[PDB]
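Engineer: The following block contains the structure, expressed as C-alpha cells.
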Amino acid sequence: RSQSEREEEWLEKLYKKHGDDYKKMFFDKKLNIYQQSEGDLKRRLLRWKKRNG
Amino acid sequence: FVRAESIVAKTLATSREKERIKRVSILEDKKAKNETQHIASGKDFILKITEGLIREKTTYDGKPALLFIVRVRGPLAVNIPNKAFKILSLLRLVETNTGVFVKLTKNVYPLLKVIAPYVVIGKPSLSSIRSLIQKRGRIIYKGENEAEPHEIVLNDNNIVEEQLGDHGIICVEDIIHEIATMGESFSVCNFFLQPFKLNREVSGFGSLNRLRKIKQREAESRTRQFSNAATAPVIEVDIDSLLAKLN
Amino acid sequence: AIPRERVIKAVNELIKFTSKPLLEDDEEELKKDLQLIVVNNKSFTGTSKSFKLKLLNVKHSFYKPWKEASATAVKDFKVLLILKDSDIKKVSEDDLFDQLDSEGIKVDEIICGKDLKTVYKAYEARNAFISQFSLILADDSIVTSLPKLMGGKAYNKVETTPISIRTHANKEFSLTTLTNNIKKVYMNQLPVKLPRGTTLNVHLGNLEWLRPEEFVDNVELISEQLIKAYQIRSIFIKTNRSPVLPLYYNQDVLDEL
Amino acid sequence: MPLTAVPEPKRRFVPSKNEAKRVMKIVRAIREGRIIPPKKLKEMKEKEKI
Amino acid sequence: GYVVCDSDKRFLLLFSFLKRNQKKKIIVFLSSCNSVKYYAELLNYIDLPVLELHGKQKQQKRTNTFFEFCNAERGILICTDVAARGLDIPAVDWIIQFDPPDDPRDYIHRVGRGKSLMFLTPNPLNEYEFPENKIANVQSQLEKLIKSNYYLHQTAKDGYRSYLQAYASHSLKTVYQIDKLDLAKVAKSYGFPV
Amino acid sequence: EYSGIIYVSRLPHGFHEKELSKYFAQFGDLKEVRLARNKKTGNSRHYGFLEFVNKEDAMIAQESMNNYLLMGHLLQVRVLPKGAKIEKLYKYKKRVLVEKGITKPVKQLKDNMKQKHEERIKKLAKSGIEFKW
Amino acid sequence: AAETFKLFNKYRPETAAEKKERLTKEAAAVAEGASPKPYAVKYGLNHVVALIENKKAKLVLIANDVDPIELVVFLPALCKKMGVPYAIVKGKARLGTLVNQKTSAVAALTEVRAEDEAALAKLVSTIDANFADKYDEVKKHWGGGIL
RNA sequence: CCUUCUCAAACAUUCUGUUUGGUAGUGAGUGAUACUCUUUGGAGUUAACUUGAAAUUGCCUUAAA
C-alpha cells in the first residue's frame with residue numbers, strides 16, 4: 001500500500017521543518033492543517049522513510 | 001415622508017464634503033500666495049487612468065489644455081454646498097448627464113479639484129468633439145414672433161451666421177474649428193452651444209437594464225476614485241471611450 | 001551644554017525618592033517606574049494642534065530592555081506595523097522575522113488600512129486592540145488618514161499614537177527602506193508629541209532601565225536637540241508627582257515677550 | 001448546559017475531507033483531460049466567437 | 001492568607017501571577033489530576049515553561065521531572081494535592097492552592113514546613129486587596145485558541161468536568177454545589193458549560 | 001400622568017437639532033428642541049430633549065421610536081411626567097484659543113523665573129533629595 | 001427586519017455555481033503549482049434545532065408562514081427555554097432568498113466575522129427589546145377574536 | 001444605513017540612503033504635582049485609568065415606480 005504524490009510532499013515539508021519533534025510537529029498550524037495526532041505522524045513518516053533512504 | 005436614516009445620512013455625508021472642500025480651499029489658497037512653508041505638497045499632479053487598469057502619475061504643466069467635463073451624479077447622500085453651487089452654475093452643469101467645453105489653465109485647475117467628485121473630466125480627440133457637435137447641439141434664441149426660451153437644434157448654418165457672423169464664424173464646422181483649436185472665438189461659441197445633452201448609460205430599470213446598471217455601477221468605483229485629501233490628484237479618463245458609450 | 005553633574009545628582013535623588021517604605025501592581029509600580037522629563041516654552045505650536053511625534057535622537061535604546069522585561073510584566077510589549085493596501089499583498093510577516101531577528105526585534109502583527117475601518121471599527125474592539133500594543137508604526141501615506149480610523153482615545157497616550165515611517169524608494173515600495181527605518185525609530189529615536197500649550201513632558205519611561213550613568217546620556221542628548229531646534233524656557237526631571245528637579249533655566253528667551 | 005453531552009468530532013475543527021475528496025476528483029479529471037481548467041476556458045473564447 | 005476572586009477572574013488572576021513570578025519558585029495545587037493536564041498545556045503553549053505532574057503520567061517521568069525541579073533555580077511546576085504528599089521542597093516562596101482542598105484540616109499541616117493563600121468567592125495570615133484593572137487581557141485570545149486546536153478543547157473539557165466533579169465530592173458546608181456554571185466555564189474559556 | 005416634553009438618548013453620530021426638529025416635525029408641531037454638547041469642542045453628547053405642543057403627540061412618538069435601530073445604535077425615547085421641563089441646554093460651537101500673553105515686561109518675569117527656580121532647588125531639600133546647582 | 005437582513009445578506013451560503021467554479025480553481029492551481037473556516041447562515045430545521053441545544057445559535061430566524069403550522073410551533077418557546085435570542089421574521093420566501101433555496105422555514109447565525117460581531121450583538125439586543133419585550137403578552141392571550 | 005485627507009519634493013545611489021513638509025480626535029467620568037502665560041478668570045499643556053458608540057438639561061432625481 002503505497003503513498004500519493006501530495007501525501008509524500010506533505011511529509012517532506014513536515015520532516016524538513018521539524019524532524020522528529022512530534023509535539024511541535026502536530027501543534028503546527030501551517031503544515032499539519034488537519035489537526036492529526038503524534039501516532040498518525042510517526043506511522044506515515046516511517047512509511048515515507050522505508051520507501052526512501 | 002422622509003425617513004430618519006436618510007436625513008442623518010445627508011448631514012453625515014455633507015460633513016465630509018464641507019470639511020473636504022474647505023481643506024482643498026486652504027491648500028490651494030496657500031499655494032497661490034507663495035506661502036509654501038508647511039503644507040502637504042506645493043505642486044499639482046494629474047492621474048490618467050486608461051485601459052488591467054494603469055494609474056499614471058504626471059505633473060500638470062503650465063500649458064493651456066482642452067477638457068470636456070462630463071456630469072456624473074456622485075456621491076450618494078450628498079447635498080451640494082455653496083462652493084459647488086457656484087462652480088456648477090458658472091459651468092452651467094446643474095443637470096445630470098450634461099457636458100461642456102472649457103480650457104484648462106493655472107486658474108481653472110484649482111476649481112477643478114472642488115467639483116471632481118461631481119464631474120468626470122478628460123482631453124477629447126478631434127472625432128469626439130466633431131461627432132458630438134454634429135450629433136448634439138442646442139441654440140437658445142427667439143421662436144416664431146413672441147416666445148424666447150426655445151433651445152431647438154443645430155440644423156442650419158444660416159442660424160450660425162445670424163448669431164455669430166462678424167467674429168469670422170459662418171458654419172457649424174467653423175464652430176468645431178474654434179472649439180478643437182483654442183482661438184479668439186472660443187468664448188463666443190462656447191456660450192452658444194451652452195451645454196450638451198448626453199444620454200445616460202444603460203437608461204432603464206427592468207430585467208436586463210438593472211443587471212447592466214449593476215455591472216457598470218461596480219465599474220465606476222474601479223475607474224474612478226474619490227481622493228478626499230487636499231493633495232487630490234485630478235483623475236483624467238479616456239473621453240474617446242466614454243463618448244463611444246454616450247453617443 | 002548642560003551640566004552632567006546636576007543630572008547625576010538629579011537621578012540619585014530619584015533613586016532615593018523611589019526607595020521608599022495588594023497582589024497586583026495597579027498604581028504603585030507605575031509611580032515607581034515612570035520618569036518624565038519636562039520641557040517648557042512660550043506657546044509650543046501655538047495655534048495648530050497637529051499630532052506629529054518628534055523623533056528625538058538618542059544614542060542608547062530604552063525600547064530594548066522595555067521588550068526584554070515587559071516579557072516579565074503583565075502588560076506585554078508588541079510591535080505593530082500599519083501598512084498600505086499593496087504592501088500586505090507584497091510582503092508577509094516571515095520576511096520581517098527573517099531580517100529583524102538578526103538584531104532581535106519582533107514584528108507582532110501587520111495591519112492594513114482596510115482592517116481599522118471594518119474589523120476594528122467597533123469602539124470596544126478598537127480600544128482593546130490598540131491598548132494592547134505599545135509601539136505603533138505607520139507607513140507615511142496612511143499617517144494623515146489615521147485620526148479618523150483609530151479615533152481620539154488612541155491619541156490621548158504617547159504609546160498608542162503612530163510614528164511616520166518611510167517605506168518608499170522614489171515612491172516605489174521596497175522592503176529595505178522599511179527594514180532600516182524600523183531600526184532607526186526603535187533603537188535610535190524617542191517619540192514625543194507637541195501640544196498647543198506651554199508644558200511638554202518627555203516619556204522616558206521606567207527608571208529601572210539603563211543604569212543612571214546611561215540615563216545622563218539620554219537626558220543630555222534630549223536637551224541637545226530640544227534647545228537647538230526650539231527656543232525654550234525651563235526643564236524639569238520628574239517621577240510621578242515628586243517635588244520637581246529644576247535642571248535647565250533660561251532668562252534670555254523671555255525678553256522677546 | 002446543553003441537553004446532551006455529545007463529544008464534538010475532529011472534523012468540526014479540521015478542514016473538510018469531503019471538500020478534499022471533490023478536489024482530488026477534479027484533479028484526476030484534469031490529468032485525464034476531461035475537465036478543461038478555468039485558466040484555459042478564457043483562451044477557448046478569446047480565439048472563438050469573433 | 002487568601003484572595004477573593006470570581007470564577008471568571010480565577011485563572012485570569014493565576015495567569016497574571018505566573019508571568020511576573022517567572023524568576024521565583026512557586027507551587028500551584030489543583031484538586032483533579034485532569035485539571036493540570038490542561039493548565040500545563042496552555043502555559044507551555046503561551047510560553048511560560050511550567051512543569052507537569054499528575055497521576056495519569058508514568059512514574060519514571062514523574063520522578064525525572066520532579067527531580068529536575070529540586071535541582072533548579074528559576075523553575076515552576078503544576079502538581080496535585082495527593083501527588084505532592086511527602087516530597088515537599090524548601091526552595092519555595094508561594095504555596096498557592098487553586099482548588100478547594102481534600103481535607104480542610106490536613107492543609108494546615110501542609111503549610112508549616114513559603115506563603116499560603118486560597119481563592120474563594122463561593123467559599124493565621126492576611127488577606128490580599130486586589131486591583132480590578134491590571135488583569136491580563138488574554139481571554140478572547142484563549143477563546144479563539146480553544147475552538148481551533150481540538151486537543152486543547154478535549155483537555156479543557158476534562159479540565160472543567162473533573163474540577164467540577166471533585167467540587168461535588170467535597171464535605172464542607174461551603175463547598176456544596178453553589179457556584180453557577182455561567183462563570184466556571186469562562187475559567188476554561190467556553191460559550192456554553194460543555 | 002405624562003407630559004409633552006420628551007427625552008431621547010443613544011443618538012446617531014451627527015443627528016443634531018436640525019434633524020431632530022425636521023424628523024420629529026413629521027409627527028407634529030414641536031415647541032422647543034435642544035441637544036447637550038461638549039464645550040471644549042462643539043459636538044453632541046448623543047442625547048437631547050424636545051417638547052411637543054401636544055401631549056398625545058409625545059406618547060405616539062414614544063410608541064414608534066422606543067427601540068429603533070438607527071446606524072449602529074438603537075434610539076431610546078422616554079416620556080416625562082408633569083414637571084421636569086427643558087431647562088439649560090445651550091448650542092455650544094467649537095471654542096477657539098485666545099492669545100493673551102506678553103503684557104508684563106521681560107525683566108519682571110525673568111526674576112519671577114529666578115524666584116521660582118531657586119525655590120525649586122529649595123523644594124527637593126524639603127523631602128529627602130539633595131541636588132547641586 | 002431590514003436590519004437583520006443587512007447582516008444576514010453578508011453570509012449567503014456559497015451557491016452551487018460559485019462552489020463549483022472555486023473547487024475547479026483549487027484543482028487547476030493546486031495539482032500543478034491555510035484558509036480559515038468560512039462562516040455562513042445555517043438553514044435546515046433538523047440542523048437549527050440541533051444548533052439550539054448545542055448551544056451554538058446567537059440569532060435564530062423563524063418564518064411565520066409554514067405549510068404545516070405544526071412544524072415550527074415548539075421552536076420559539078424552545079428558543080426562550082435555551083436562552084437563544086430568536087426572532088420570528090415574516091416570510092419563508094424572504095428567508096429563502098438569503099439562502100439559495102425557494103423556502104427555508106429557519107435561518108440561524110452561529111459564528112460570525114469580527115467586523116459583523118458587534119452589529120450581531122446589537123441585533124440580538126434590538127430584537128430582545130423590540131420583539132421579546134413587546135410580545136411578553138403573546139405567551140398569554142388566545143388570538144383571533146376579531147369581530 | 002454614505003464610510004473616512006491610502007504621498008510629495010531637495011539632496012544622495014550603499015540594489016535605498018539622508019533631510020524637509022503632510023493627520024483638528026464619539027461622548028461621559030476617575031485621577032495622584034508640575035509646567036509657562038495671564039493678573040483671578042482658568043488660558044493652554046503634562047502620567048495614567050474606566051466604557052456593549054454608554055448618555056436627565058454646565059450662561060444632482062433612471063439611487064425610480
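Quick note on naming: the chains in the C-alpha cells go A, B, ... in the order shown, residues restart at 1 in each chain, and ligands are numbered from 1 in order of appearance.
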Need to verify the contact set: range 35-49 of chain A, 10 Å, only C-alpha atoms (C1' of nucleotides), exclusion of same-chain residues closer than 5 positions in sequence. Can you return it as a PyMOL selection string?
Structural biologist: (chain A and resi 1-3+7-12+14-15+19-29) or (chain D and resi 10-11+13-15) or (chain E and resi 148-151)
Engineer: Report the closest atom pair, with its distance in Å rounded to one decimal, for each residue of chain C that has an atom no farther than 12 Å from chain B; count only C-alpha atoms, sort by chain and then rising residue number, and write it as a Markdown table.
Structural biologist:
```
| residue | atom | partner | partner_atom | distance |
| --- | --- | --- | --- | --- |
| C:48 | CA | B:38 | CA | 11.3 |
| C:50 | CA | B:38 | CA | 11.7 |
| C:140 | CA | B:40 | CA | 11.9 |
| C:141 | CA | B:40 | CA | 11.0 |
| C:142 | CA | B:229 | CA | 11.6 |
| C:144 | CA | B:229 | CA | 9.2 |
| C:145 | CA | B:229 | CA | 9.0 |
| C:148 | CA | B:16 | CA | 11.6 |
| C:171 | CA | B:57 | CA | 10.6 |
```
Engineer: Excluding range 80-90 of chain E and its own-chain neighbours fewer than 5 positions away, which residues fall within 12 Å of it when counting only C-alpha atoms (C1' of nucleotides)? Please give them as a ChimeraX atom specification.
Structural biologist: /E:25-37,39-40,52-57,59,62-63,66-72,95-103,106-107,109-115,163
Engineer: Here is a test: counting only C-alpha atoms, which residue of A:33, A:53, A:13, A:4 is nearest to chain G?
Structural biologist: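 Checking each candidate against chain G, we get A:33 as the closest.
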Engineer: Check the DSSP output for the backbone and give back, as a PyMOL selection string, the residues of range 85-163 of chain E in strand (DSSP E).
Structural biologist: chain E and resi 94-97+115-119
Engineer: Counting only C-alpha atoms, figure out which residue out of G:10, G:20, G:139, G:37 gets nearest to chain A.
Structural biologist: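 Residue with the minimum atom-to-atom distance to chain A: G:37.
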Engineer: Smallest atom-to-atom distance to residue 52 in chain H: which of C:63, C:44, C:123, C:17, using only C-alpha atoms (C1' of nucleotides)?
Structural biologist: C:123
Engineer: Select from chain C every residue with an atom at most 6 Å from any atom of chain F, then for each give the shortest pair of atoms and their distance in Å to one decimal, using only C-alpha atoms, rows by chain and rising number, as a Markdown table.
Structural biologist:
```
| residue | atom | partner | partner_atom | distance |
| --- | --- | --- | --- | --- |
| C:6 | CA | F:132 | CA | 5.8 |
| C:9 | CA | F:131 | CA | 5.1 |
| C:10 | CA | F:131 | CA | 5.9 |
| C:13 | CA | F:129 | CA | 4.8 |
| C:243 | CA | F:124 | CA | 5.6 |
| C:251 | CA | F:110 | CA | 5.7 |
| C:254 | CA | F:106 | CA | 5.7 |
| C:255 | CA | F:106 | CA | 4.5 |
| C:257 | CA | F:102 | CA | 5.0 |
```
Engineer: Produce a file of the selected residues containing C-alpha atoms, as a compact mmCIF listing (two decimals), in the first residue's frame.
Structural biologist:
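Heads up, here's the output in again_27.txt:
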```txt
# COMPACT_ATOMS: atom_id res chain seq x y z
CA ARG C 6 23.40 68.03 38.19
CA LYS C 9 22.59 64.39 41.36
CA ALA C 10 19.01 64.51 39.97
CA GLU C 13 17.62 61.96 44.26
CA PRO C 243 8.94 67.72 44.29
CA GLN C 251 16.46 84.05 31.11
CA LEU C 254 11.57 85.69 27.79
CA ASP C 255 12.99 89.11 26.76
CA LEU C 257 7.75 88.71 25.09
```
Engineer: Grab the CA of residue 36 in chain C to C1' of residue 25 in chain H distance for me, in Å with one decimal place.
Structural biologist: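 Taking CA of residue 36 in chain C and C1' of residue 25 in chain H, their separation equals 24.3 Å.
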Engineer: Could you please select, counting only C-alpha atoms, the residues of chain C within 8 Å of chain E and state them as an MDAnalysis selection string?
Structural biologist: chainID C and resid 22:26 71:75 132
Engineer: Would you put the residues from that selection into a file with C-alpha atoms, as an mmCIF file, in the first residue's frame?
Structural biologist:
```
data_model
loop_
_atom_site.group_PDB
_atom_site.id
_atom_site.type_symbol
_atom_site.label_atom_id
_atom_site.label_comp_id
_atom_site.auth_asym_id
_atom_site.auth_seq_id
_atom_site.Cartn_x
_atom_site.Cartn_y
_atom_site.Cartn_z
ATOM 1 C CA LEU C 22 -2.276 44.373 47.167
ATOM 2 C CA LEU C 23 -1.285 41.485 44.893
ATOM 3 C CA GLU C 24 -1.388 43.285 41.541
ATOM 4 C CA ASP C 25 0.568 46.395 40.504
ATOM 5 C CA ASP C 26 -2.258 48.900 39.806
ATOM 6 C CA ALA C 71 8.076 39.882 28.886
ATOM 7 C CA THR C 72 8.044 39.643 32.707
ATOM 8 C CA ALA C 73 5.464 42.463 33.103
ATOM 9 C CA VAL C 74 1.699 41.757 32.776
ATOM 10 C CA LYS C 75 1.281 44.381 30.006
ATOM 11 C CA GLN C 132 -2.594 46.010 23.928
#
```
Engineer: Skipping near chain neighbours, those fewer than 2 positions away, what residues fall within 10 Å of residue 114 in chain G using only C-alpha atoms (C1' of nucleotides), listed as a PyMOL selection string?
Structural biologist: (chain C and resi 118-122+125) or (chain G and resi 111-112+116-120)
Engineer: When you look at residue 181 in chain C with a cut-off of 12 Å (counting only C-alpha atoms (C1' of nucleotides)), what residues show up, excluding the ones that are within fewer than 5 positions of it in the same chain? I need them as an MDAnalysis selection string.
Structural biologist: (chainID C and resid 55 100 137:140 163:168 174:176 186:189) or (chainID H and resid 16:18)
Engineer: Identify, with DSSP run on backbone atoms, the residues in range 35-233 of chain C assigned to helix (DSSP H, G or I), and express the list as number ranges by chain.
Structural biologist: C: 63-68, 87-90, 93-100, 123-130, 140-143, 146-149, 175-187, 213-229
Engineer: Which residues are near residue 37 in chain H? Cut-off 9 Å, only C-alpha atoms (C1' of nucleotides), ignore same chain within fewer than 3 positions. Put them as a list in words.
Structural biologist: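 Selected residues are residues 42, 43 and 198 of chain C; 100, 101 and 102 of chain F; 43 and 44 of chain H.
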Engineer: Just N, CA, C and O atoms (P, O5', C5', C4', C3', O3' and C1' of nucleotides) for this one: save the residues we selected as a PDB file, in the first residue's frame.
Structural biologist:
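Below is the file part08.pdb, written as the result:
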```pdb
ATOM      1  N   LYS C  42       7.345  79.205  25.763  1.00  0.00           N
ATOM      2  CA  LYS C  42       6.257  80.140  25.487  1.00  0.00           C
ATOM      3  C   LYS C  42       5.518  79.699  24.223  1.00  0.00           C
ATOM      4  O   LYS C  42       5.974  79.952  23.102  1.00  0.00           O
ATOM      5  N   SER C  43       4.390  79.016  24.436  1.00  0.00           N
ATOM      6  CA  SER C  43       3.481  78.529  23.385  1.00  0.00           C
ATOM      7  C   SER C  43       4.122  77.647  22.299  1.00  0.00           C
ATOM      8  O   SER C  43       4.485  78.129  21.217  1.00  0.00           O
ATOM      9  N   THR C 198       1.946  75.248  26.643  1.00  0.00           N
ATOM     10  CA  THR C 198       3.287  75.626  27.110  1.00  0.00           C
ATOM     11  C   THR C 198       4.122  74.446  27.618  1.00  0.00           C
ATOM     12  O   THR C 198       5.321  74.360  27.330  1.00  0.00           O
TER      13      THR C 198
ATOM     14  N   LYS F 100      -3.724  85.633  24.856  1.00  0.00           N
ATOM     15  CA  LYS F 100      -3.325  86.557  25.921  1.00  0.00           C
ATOM     16  C   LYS F 100      -1.956  86.123  26.441  1.00  0.00           C
ATOM     17  O   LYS F 100      -1.819  85.035  27.013  1.00  0.00           O
ATOM     18  N   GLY F 101      -0.948  86.969  26.226  1.00  0.00           N
ATOM     19  CA  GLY F 101       0.441  86.602  26.501  1.00  0.00           C
ATOM     20  C   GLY F 101       1.316  87.619  27.212  1.00  0.00           C
ATOM     21  O   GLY F 101       1.352  87.655  28.445  1.00  0.00           O
ATOM     22  N   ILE F 102       2.004  88.444  26.419  1.00  0.00           N
ATOM     23  CA  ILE F 102       3.156  89.259  26.860  1.00  0.00           C
ATOM     24  C   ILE F 102       2.908  90.178  28.068  1.00  0.00           C
ATOM     25  O   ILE F 102       3.558  90.007  29.101  1.00  0.00           O
TER      26      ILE F 102
ATOM     27  P     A H  43     -11.009  77.842  30.667  1.00  0.00           P
ATOM     28  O5'   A H  43     -10.266  78.772  29.604  1.00  0.00           O
ATOM     29  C5'   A H  43      -9.223  79.692  29.999  1.00  0.00           C
ATOM     30  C4'   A H  43      -8.154  79.794  28.934  1.00  0.00           C
ATOM     31  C3'   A H  43      -7.485  78.478  28.541  1.00  0.00           C
ATOM     32  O3'   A H  43      -8.182  77.914  27.431  1.00  0.00           O
ATOM     33  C1'   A H  43      -5.822  80.060  29.137  1.00  0.00           C
ATOM     34  P     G H  44      -8.295  76.319  27.255  1.00  0.00           P
ATOM     35  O5'   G H  44      -6.820  75.892  26.828  1.00  0.00           O
ATOM     36  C5'   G H  44      -6.243  76.316  25.578  1.00  0.00           C
ATOM     37  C4'   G H  44      -4.753  76.069  25.586  1.00  0.00           C
ATOM     38  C3'   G H  44      -4.324  74.667  25.988  1.00  0.00           C
ATOM     39  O3'   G H  44      -4.449  73.725  24.930  1.00  0.00           O
ATOM     40  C1'   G H  44      -3.035  76.242  27.183  1.00  0.00           C
TER      41        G H  44
END
```
Engineer: Could you tell me which residues of chain D sit within 9 Å of chain G when counting only C-alpha atoms, and give me the result as a VMD selection string?
Structural biologist: chain D and resid 1 to 4 13 to 15 19 22 to 28 30 to 31 35 to 39
Engineer: List as a tab-separated table every residue of chain E that is in contact with chain G, defined as an atom at most 12 Å from one of its atoms (using only C-alpha atoms), together with the nearest atom pair and the distance in Å rounded to one decimal, sorted by chain and then rising number.
Structural biologist:
```
residue	atom	partner	partner_atom	distance
E:140	CA	G:114	CA	11.8
E:144	CA	G:114	CA	11.5
E:147	CA	G:111	CA	11.4
E:148	CA	G:37	CA	9.9
E:190	CA	G:55	CA	10.9
E:191	CA	G:55	CA	8.2
E:192	CA	G:55	CA	6.4
E:193	CA	G:55	CA	9.2
E:194	CA	G:54	CA	8.8
```
Engineer: Tell me the residues of chain F close to chain G, meaning within 9 Å using only C-alpha atoms, as a ChimeraX atom specification.
Structural biologist: /F:66-69,72-74
Engineer: Out of H:26, H:20, H:33, H:38, which residue has the shortest atom-to-atom distance to residue 53 in chain H when counting only C-alpha atoms (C1' of nucleotides)?
Structural biologist: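 Residue with the minimum atom-to-atom distance to residue 53 in chain H: H:26.
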Engineer: Could you pull the residues within 10 Å of range 1-13 of chain B, counting only C-alpha atoms (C1' of nucleotides), minus those fewer than 4 positions along the same chain, as a list in words?
Structural biologist: residues 17, 18, 75, 76, 77, 78 and 79 of chain B; 12, 13, 14, 15, 16, 18, 19, 20, 22, 23, 24, 26, 69, 70 and 71 of chain F; 1, 2 and 3 of chain H
